[PDB]
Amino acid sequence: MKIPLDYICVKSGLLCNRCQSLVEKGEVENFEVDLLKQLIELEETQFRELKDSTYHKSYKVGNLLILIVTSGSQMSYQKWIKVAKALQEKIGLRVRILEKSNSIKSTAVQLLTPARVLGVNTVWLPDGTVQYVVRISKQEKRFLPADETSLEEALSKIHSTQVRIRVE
């Protein structure tokens, strides 16, 4: 798989100066480094298809890991759910693979699944700052994969903007 650190460094535990700086800089957070270990482990052992994918900056919020990726032409959406459960056993936290997307409506549909989303509103302040609102049926709120405020923080981090959930 394509990643932001050296395979040797990640698997070694011993970082070259270049990788170590990335971790100090914060570009590869510490929990991201653990993912990279378990990811490379999980492709040598279990998923040759992983080597076609691409790692992307990933976020952690509370008990939840959100992994952003680009799936290679080898990676079944099923296999990603398989990869998620693999990660969720090696690491303690819950794992959610989201494929990297540039619209906020795409990544909100993926995360909030199994719940279904009603719609997404963009809004532009007089400031010009853009905010987003993901509408969900009251029924669906019971199907959210994590409490609504953690999903809000998650979505807000990924797209570096304000994201809010309206249970209407």
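Each residue number is its position in the shown sequence, starting from 1.
Per the PDB record, residue ranking by Cα B-factor puts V95 in the middle third of the chain. In this PDB entry, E32 carries a Cα temperature factor that places it within the lowest third of its chain's modelled residues. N63: CA B factor in the middle third of modelled residues in this chain (values from the PDB entry). Ranked by C-alpha B-factor against the other modelled residues of its chain, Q131 falls in the middle third.
In this PDB entry, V167 carries a Cα temperature factor that places it within the highest third of its chain's modelled residues.
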